[PDB]
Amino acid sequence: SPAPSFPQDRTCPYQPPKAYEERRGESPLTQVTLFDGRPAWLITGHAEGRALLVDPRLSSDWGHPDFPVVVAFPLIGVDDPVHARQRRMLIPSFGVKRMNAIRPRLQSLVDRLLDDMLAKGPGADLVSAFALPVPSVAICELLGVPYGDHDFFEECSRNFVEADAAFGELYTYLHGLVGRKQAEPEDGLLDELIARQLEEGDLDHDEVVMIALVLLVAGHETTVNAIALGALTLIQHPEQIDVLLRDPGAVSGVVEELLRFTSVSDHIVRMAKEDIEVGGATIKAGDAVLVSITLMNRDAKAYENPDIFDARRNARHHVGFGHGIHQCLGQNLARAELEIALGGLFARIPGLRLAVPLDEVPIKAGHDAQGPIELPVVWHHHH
């Protein structure tokens, strides 16, 4: 593409910009241009994207001098062998048993947020009143943050999602927490990771803090958007709100279709390490490769009528959580947050509606995780 063309902003909060669907060819990948003129491949085919995302030839090394920027981090910003070591230290903390202990806390939090919303009502900004606190507290419970420090932690987290004093405040708190936990172990991912490091066996104090900070950054804003834009999508599709009021398996199916349709992480970034033949093209070593989660999830070859939101469709292999080497580690926590927050919101406020026309909802730009900056809602009944 001769002039910078990626990214482009959404105009509809839960549809990709026209220019992205126009950029899609018959081919499963096309080409765009980043802000400084760098060419990049855009992967749009659902099947080819999955194939490429398990492929070791695509790097995520953010420390490489030529790593693409669209305009430093454990896990998400490294290749093997650092990647596999950090991730295998974490996997056992995201187990079924830890999730299920997190569930009733998210339940109790969601009820409280809803009582409070209703006490102040109507309406509310659903981002501020509801989507914003949930991922915060989920991360506190995940990490094992002393319950005494939750308000502080949420507050920091909220200030973050300029703002690089929030991020530094979290660093310094976490740095101290890590030290306190090493000398007096408690319960939580921090403790587990500390014990896992020590196993091996010198503790890397800054790496533990950075991993904790990556978990927070990766898991906070995207989940906030997935809650808020998920609610927006349902408000705009009131003929399907009932699916949320049926059994837990229907709730989980709504959650999967929202992940696919809304594609809150819209693209992820890679760099080729070697030549790759894909889809009639030859990606060369050093080439920027953007993987479009949005256009993959709207690929008609994978999903019949892909631009329709259908809460009952089979959405099993969506890439809303990515795929392969770096696919979302916190995905089962996020699913829990979404099921409990969306199911609780519509159970309590099934007539929840927008207080503003759709086209007045402010939404994030194209380089960002996708979703509303604010979400003015009102209701005139609640259960």
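So that there is no doubt, residue numbering starts at 1 and follows the sequence shown.
- Unmodelled residues of the deposited sequence between neighbouring positions residue 71 and residue 72 number 4 to 9.
- The deposited sequence places 4 to 9 unmodelled residues between residue 161 and residue 162.
- Set 35 to 43 against 346 to 354 and average the Cα temperature factors; 35 to 43 ends up higher.
- Look at the mean CA B-factor for 127 to 135 and for 191 to 199 in the entry; the higher one is 191 to 199.
- Of the candidates 146, 219, 176, 168, it is 168 whose Cα B-factor is highest according to the PDB record.
- Per the deposited coordinates, the residue with the largest Cα temperature factor out of 247, 141, 79, 310 is 247.
- Sorting the modelled residues of the chain by their CA temperature factor places residue 301 in the middle third.
- Placement of the Cα temperature factor of residue 151 within the chain: highest third of the modelled residues, per the deposited record.
- Among the modelled residues of its chain, residue 238 has a C-alpha B-factor that falls in the lowest third according to the deposited record.
- Per-chain ranking of the deposited C-alpha B factor places residue 182 in the highest third.
- When the modelled residues of the chain are ordered by C-alpha B-factor, residue 339 sits in the lowest third.
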